[PDB]
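> This one's experimental. Sequence and coordinates below.
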Amino acid sequence: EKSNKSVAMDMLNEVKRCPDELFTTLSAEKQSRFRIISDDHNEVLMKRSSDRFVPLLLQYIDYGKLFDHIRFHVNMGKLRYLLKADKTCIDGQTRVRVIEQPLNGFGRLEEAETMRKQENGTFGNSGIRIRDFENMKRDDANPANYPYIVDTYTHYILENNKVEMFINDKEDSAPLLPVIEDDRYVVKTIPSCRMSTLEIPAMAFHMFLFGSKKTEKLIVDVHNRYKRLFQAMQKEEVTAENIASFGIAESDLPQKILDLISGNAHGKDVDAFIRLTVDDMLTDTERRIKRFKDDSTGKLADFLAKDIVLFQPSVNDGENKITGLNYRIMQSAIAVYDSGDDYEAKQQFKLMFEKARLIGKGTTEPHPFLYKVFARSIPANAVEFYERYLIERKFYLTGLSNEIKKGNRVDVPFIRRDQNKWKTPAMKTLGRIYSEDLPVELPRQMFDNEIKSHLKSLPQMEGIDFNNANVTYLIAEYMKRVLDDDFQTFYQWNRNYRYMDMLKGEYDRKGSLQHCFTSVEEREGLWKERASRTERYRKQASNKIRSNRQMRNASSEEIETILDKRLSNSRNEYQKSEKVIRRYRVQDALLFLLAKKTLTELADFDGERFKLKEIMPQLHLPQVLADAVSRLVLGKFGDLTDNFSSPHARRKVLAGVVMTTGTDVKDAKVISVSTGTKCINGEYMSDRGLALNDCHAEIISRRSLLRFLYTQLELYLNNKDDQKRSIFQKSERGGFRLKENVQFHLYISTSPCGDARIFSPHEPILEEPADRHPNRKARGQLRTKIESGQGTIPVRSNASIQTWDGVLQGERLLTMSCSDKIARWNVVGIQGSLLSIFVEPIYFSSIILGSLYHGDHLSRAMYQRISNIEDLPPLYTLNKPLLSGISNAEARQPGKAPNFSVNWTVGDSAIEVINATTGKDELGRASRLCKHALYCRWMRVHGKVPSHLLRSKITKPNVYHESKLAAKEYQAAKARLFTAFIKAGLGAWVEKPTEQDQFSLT
RNA sequence: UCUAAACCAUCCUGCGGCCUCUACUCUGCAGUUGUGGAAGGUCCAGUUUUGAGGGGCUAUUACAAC
RNA sequence: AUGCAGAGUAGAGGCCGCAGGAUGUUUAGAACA
Ligand SMILES: O=P(O)(O)O[C@H]1[C@H](OP(=O)(O)O)[C@@H](OP(=O)(O)O)[C@H](OP(=O)(O)O)[C@@H](OP(=O)(O)O)[C@H]1OP(=O)(O)O
Ligand SMILES: [Zn+2]
């Protein structure tokens, strides 16, 4: 419920808040001063969400009953009627068609509101039901539910910075509500006259000085002068001789009246306009063609729908052109169009434009060039359609330009020669339009002369030049000189503007332009000096762009244009903002004055003292198995090195493989043990397969496990009694398979280099969450050890393939990281290609780290990154082994990393010591683990296996690479793996030069 | 066996400048035709702290018709 | 309502530039089996 008192209090609570335009310019400290704590201990931003000056003033006049005759334009809801429940649209789909009309009228907000909603819930004297606000079925298709009126509280219509009003002849007139006819037409009333919202401060000021009745008489008198003028025009009784008699200043007459009496009445030149429009549009078309080739279908469809309708010829008062619903459908249809080169879908898309009568035979108003878009072929999607549309537009406009250049007359659909725009205006015709068809446009400065005459009589105003004094100025002088008041303190606070930053030309040490907060006095002075200061600004700013590495310095236009737009936009933003804030000041003065007047005359209140200046705002237990394998590997190593005393007992990384045959830890056997941290030097690659390429422990321990597997196949093939002791058995699928209970577990002293280690090279502080950046592209990426360099490096940075001659000259040899190699084992198996011709894929059940264990990283590295692996050949799978750290992590081994690498397989009398730099032992002899040795074992086993018992029966020559290729399924699993990594965007595997595996056994 | 210096080019943590996606909130705009530039919005340069003028360009407010 | 544009806030990335740590080689010295 509003009242005189409530409006007064709404005004005072308006002026304590910061205007939004001001708030933007203030320092954080001063912005903080509007953030208030309420009574109920709640923080409130005391900032204006909109300029409510004008509605507040209208409420003041209405509730005050201050105008006897003038009533403001109110809206009281919308009428909705159902035109058709089943309307076939241009896409041939049926939709409801609802039409809305606003219920606009004139009266005091309270009186109009009392009329709007009857007790029976109907609108005014219409009979038509007002639908409850909670009911929101806008798509409702039931004719019985229509017509209805949307429930909306009476508000003033305040659009386009205008206030529209109706002048009643008699006082105490009732609200003027629109009549509804045929449950369909809302019969509305042209306003008497329309006032700029920028005129409302002067009206308020006039009201405050003279009284609302004197204010009202003036508006009505001005209105009646315009009406008398427009009546005389219709009688052709307006001349240069008598124009002054109408009582309206030249600057408040339309130019056409001034042209007409001066004998200079003219239309615009349509041909010039056509020539200009065609050229402008051709240029724009080429701009759009270029931008698109250089570079949202929604954005495309917006352009296309507007343009298609622009080029649609109008006939019959425009009744033929595309209507609202069909427009929305056309635009949306385009936005989502994407056939798939489906013929029917293409036909359907073309048909839409046929039904809109834009293309096709028998069309009378076709689009001039759209049909060319569909000549030869229908475009497949919105993007193809936009391109073809623009090309065809270019050809059409070029044709027109060429005809214009020949001096010929051309016509475009959207320029219409019959519009008055192009004809000479007539007095009598124009008289009628001004009198009958439109509201009177009230002039600016209508209250100025009266305001100034009053103020001239006040002795406090004696020393002001009223010949250079606008009403904004005079309100402020009134507050200061008659009332000893001033604006709110926050209009003196320093403000920030980009434009003023540029003009001040102040940079911080990094080189960025500083945000200054200036006073109004400072800005006055910067503005005076803007020419010089703009020169300086541009010089520096151009260098900043020119210093940037991108090369656009040869072109002259590029930079100057960028800066032109920068300075224009900034300058315009600053000027408008400053002008508007100056309006907020005097608006606030007026609200304060009016509110204070209301409250003074209400109750025991002595408010003369108050001033605006004062206003302010599970088979095993994980850890048991982990610690078992850890102690057993470490222990077997301690045995082989004479209690870690032996010459080669020094190690940095240690690894090993443990076999389990059952849950009994008295059934755990150490299969192999190894140490090493280096890879071969490039000069020492062996084309006979006699060197070890990678001596990182875990890699060596797998190779030792291969030896053990060979030994077991031989044990089985030796004799029947031995078959019982061998871990292998025949498979019904052909070849050999492990016994049901048999499992292998890998143990490494430390995380495998690469994805499991690079990000987390330190021991986790326990209970720590995963890495804070798990989505970086670095994560999961394949990595290589790089020859003669530290760290493990993405494969993407070395895309080329490795060549033998290349490495030899000094290209650095790349070896896949241990993380990548073990993930590979978790797909293709640990046995490798050659054993896969005899045995079924074998996987590690567990990977156990003695230090540097990060499950988040280890799991990603070991399998998670390639969970998108598909089409694995039979018996292959993405193995997910038990991952675990140990109970008591190992200490950093002290000293420098030995250049040697130690191996041992179960059954061996001694360890073997290899120089990782050379791939060979101290005396330069080949390893029992080298390619050649393993090929030798493989050849002997091959000779002993009856050909019916082979998993792969492919026969190839006895070259290592060929023999590996015999393992067709394994190679296919390897291809699945590589594709998994690539498709996950983790880079392509790097292999050795193809010469590496091209040797025979002598 | 221990220590010092240098290189390789990635990774982590923090701080700047620039560009994108995801989620949430708010505002603006969204058929054609006719009339109308006194008004509202926009731009130009010896323009204003004074919603005041000047010169170029513009149908947004409203009305009826479909 | 739905779609298109603009602004704000938080998160996650990409590029450019700084500071401090982490991670296979090269050049020396001391000392030892
Ligand atoms: O990881 P490593 O133990 O060092 O050995 C492997 C193994 O080669 P060898 O068993 O012949 O030593 C791979 O062969 P498979 O057993 O999986 O069949 C081979 O891959 P290819 O099959 O493609 O030859 C790969 O070499 P690369 O991947 O570099 O081509 C090579 O690793 P290294 O090259 O690092 O020794
Ligand atoms: Zn490694």
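Okay, I see it. Residues are numbered from 1 along each chain as shown, chains lettered A, B, ... in the order given. Ligands and ions are numbered 1, 2, ... in the order given.
> How about whichever strand or helix holds residue A:702 and RNA strand C, touching?
Per DSSP states H and E, residue A:702 falls inside helix A:697-718. No: Helix A:697-718 does not reach RNA strand C (Cβ under 7 Å from any atom of the strand); its nearest approach is 11.4 Å. Heads up, the C-betas are built off the backbone N, CA and C, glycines and all.
> Only C-alpha atoms, please: export that helix in PDB.
The C-alpha atoms that make up helix A:697-718 are tabulated as PDB, following Å, rounded to 0.1, in the frame of the first residue of the first chain:
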ATOM      1  CA  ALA A 697      66.000 -52.300 -12.800                       C
ATOM      2  CA  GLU A 698      62.400 -53.200 -13.500                       C
ATOM      3  CA  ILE A 699      63.000 -53.700 -17.200                       C
ATOM      4  CA  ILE A 700      66.000 -56.000 -16.300                       C
ATOM      5  CA  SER A 701      63.800 -58.000 -13.800                       C
ATOM      6  CA  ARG A 702      61.200 -58.700 -16.600                       C
ATOM      7  CA  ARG A 703      64.000 -59.900 -18.900                       C
ATOM      8  CA  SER A 704      65.200 -62.300 -16.100                       C
ATOM      9  CA  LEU A 705      61.600 -63.500 -15.700                       C
ATOM     10  CA  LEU A 706      61.700 -64.300 -19.500                       C
ATOM     11  CA  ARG A 707      64.700 -66.500 -18.800                       C
ATOM     12  CA  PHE A 708      62.800 -68.300 -16.100                       C
ATOM     13  CA  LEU A 709      59.800 -68.900 -18.400                       C
ATOM     14  CA  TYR A 710      62.100 -70.400 -21.100                       C
ATOM     15  CA  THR A 711      63.500 -72.600 -18.400                       C
ATOM     16  CA  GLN A 712      60.000 -73.800 -17.400                       C
ATOM     17  CA  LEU A 713      58.900 -74.600 -20.900                       C
ATOM     18  CA  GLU A 714      62.100 -76.600 -21.300                       C
ATOM     19  CA  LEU A 715      61.500 -78.400 -17.900                       C
ATOM     20  CA  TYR A 716      58.000 -79.400 -19.200                       C
ATOM     21  CA  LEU A 717      59.300 -80.600 -22.600                       C
ATOM     22  CA  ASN A 718      62.200 -82.500 -21.000                       C
END
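> List the buried residues of it.
A:697-713, A:715-717 (16 or more other Cβ atoms under 10 Å).
> again with stretch A:370-384
Buried-residue list, stretch A:370-384, by 16+ other Cβ under 10 Å: A:370-374, A:378-382, A:384.
> Ok, stretch A:906-926 next?
A:906, A:908, A:911-921, A:926.
> quick one: which of the residues you listed sit in strands?
A:912-915 (DSSP state E).
> is ligand 1 contacted by the helix holding residue A:702?
Yes: in terms of Cβ under 6 Å from any ligand atom, part of helix A:697-718 sits within range of ligand 1, namely A:699, A:702-703.
> can the ones in strands among the buried residues of stretch A:906-926 go into TSV with extra columns for distance to residue A:953?
Below are those laid out as TSV (distance: Cβ to Cβ, whole Å):
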residue	distance to residue A:953
A:912	35
A:913	40
A:914	36
A:915	40
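> Would you convert the residues you listed into a markdown table that also reports distance to RNA strand B?
Listed next are these as a markdown table, based on distance: Cβ to the nearest atom of the strand, whole Å:
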| residue | distance to RNA strand B |
| --- | --- |
| A:912 | 19 |
| A:913 | 13 |
| A:914 | 17 |
| A:915 | 15 |
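> Distance check, the residue at minimal distance from the centre of chain A against residue A:303.
Note on chain A: the residue nearest the mean C-alpha position is residue A:296, at 12.0 Å, using Cα atoms, centre = their mean. Distance, residue A:296 to residue A:303, by Cβ to Cβ, to the nearest Å: 10 Å.
> Would you mind listing what in the stretch 701-850 of chain A touches RNA strand C?
Checking the stretch 701-850 of chain A against RNA strand C by Cβ under 7 Å from any atom of the strand, the hits are A:761-762, A:772-778, A:787-791.
> Buried only: go through these for me.
Counted by 16+ other Cβ under 10 Å, these give residue A:787 as buried.
> can you tell me which of the residues of the stretch 701-850 of chain A next to RNA strand C lies nearest to ligand 1?
residue A:787 (11.9 Å; Cβ to the nearest ligand atom).
> I figured that closest one hits residue A:684, correct?
No: using Cβ atoms under 8 Å, residue A:787 makes no contact with residue A:684, being 11.0 Å away.
> Can you tell me how far residue A:667 is from RNA strand B?
Residue A:667 sits 38 Å away from RNA strand B, going by Cβ to the nearest atom of the strand, to the nearest Å.
> doesn't residue A:661 make contact with that residue?
Yes: with contact defined as Cβ under 8 Å, residue A:667 counts as touching residue A:661 (4.9 Å).
> does RNA strand C sit close to the helix ranked longest in chain A?
Ranked by residue count, the top helix of chain A under DSSP state H comes out as helix A:557-600. No: in terms of Cβ under 7 Å from any atom of the strand, no part of helix A:557-600 sits within range of RNA strand C; the closest distance is 11.3 Å.
> what's the following helix or strand after that helix?
Next along from helix A:557-600, by DSSP H and E: helix A:622-640.
> what's around residue A:312, how many residues?
22 (other Cβ atoms under 10 Å).
> That one reaches residue A:412, doesn't it?
No: here residue A:312 lies out of contact with residue A:412, judged by Cβ under 8 Å, at a distance of 11.5 Å.
> ok, back up a step: filter the residues of the stretch 701-850 of chain A next to RNA strand C by proximity to RNA strand B?
Okay, of those touching RNA strand B (Cβ under 7 Å from any atom of the strand), that's A:772-773, A:776, A:778, A:789-791.
> In terms of secondary structure, what does the strand or helix carrying residue A:326 contact?
Per DSSP H and E: residue A:326 is located in helix A:324-336. Secondary-structure packing of helix A:324-336 (3 or more Cβ pairs under 8 Å, 6 or more residues apart in numbering; DSSP states H and E): helix A:297-310, helix A:343-355, helix A:382-405.
> if we can go back for a sec, angle of the helix holding residue A:702 against helix A:622-640?
Interaxial angle, helix A:697-718 versus helix A:622-640 (axes from the mean of the first three to the mean of the last three Cα atoms, to 10 degrees): 80 degrees.
> Pull up the gap between the closest residue to RNA strand C within the stretch 151-300 of chain A and residue A:389, please.
Proximity to RNA strand C, evaluated over the stretch 151-300 of chain A using Cβ to the nearest atom of the strand, is greatest for residue A:298 at 2.6 Å. For residue A:298, the distance to residue A:389 (Cβ to Cβ) stands at 16 Å.
> Also residue A:367?
Distance from residue A:367 to residue A:389, by Cβ to Cβ: 10 Å.
> for the closest residue to ligand 2 within the stretch 51-200 of chain A, what are its contacts?
Proximity to ligand 2, evaluated over the stretch 51-200 of chain A using Cβ to the ion, is greatest for residue A:91 at 63.1 Å. Residue A:91 makes contacts with A:329, A:333, A:352, A:355, as judged by Cβ atoms under 8 Å, 6 or more residues apart in numbering.
> quick one, what contacts the residue in the stretch 801-950 of chain A positioned nearest to ligand 2?
Minimum separation of the stretch 801-950 of chain A from ligand 2 (Cβ to the ion) falls at residue A:818, amounting to 3.1 Å. Residues in contact with residue A:818 (Cβ under 8 Å, 6+ apart) are A:696, A:698-699, A:752-754, A:756.
> Just to check, residue A:994 is in contact with residue A:960?
No: counting by Cβ under 8 Å, residue A:994 stays clear of residue A:960, with 11.3 Å between them.
> Which one's more surrounded, those two?
residue A:960 (22 against 12).
> Next one: residue A:529 from residue A:537, what distance?
Taken as Cβ to Cβ, the span from residue A:529 to residue A:537 is 12 Å.
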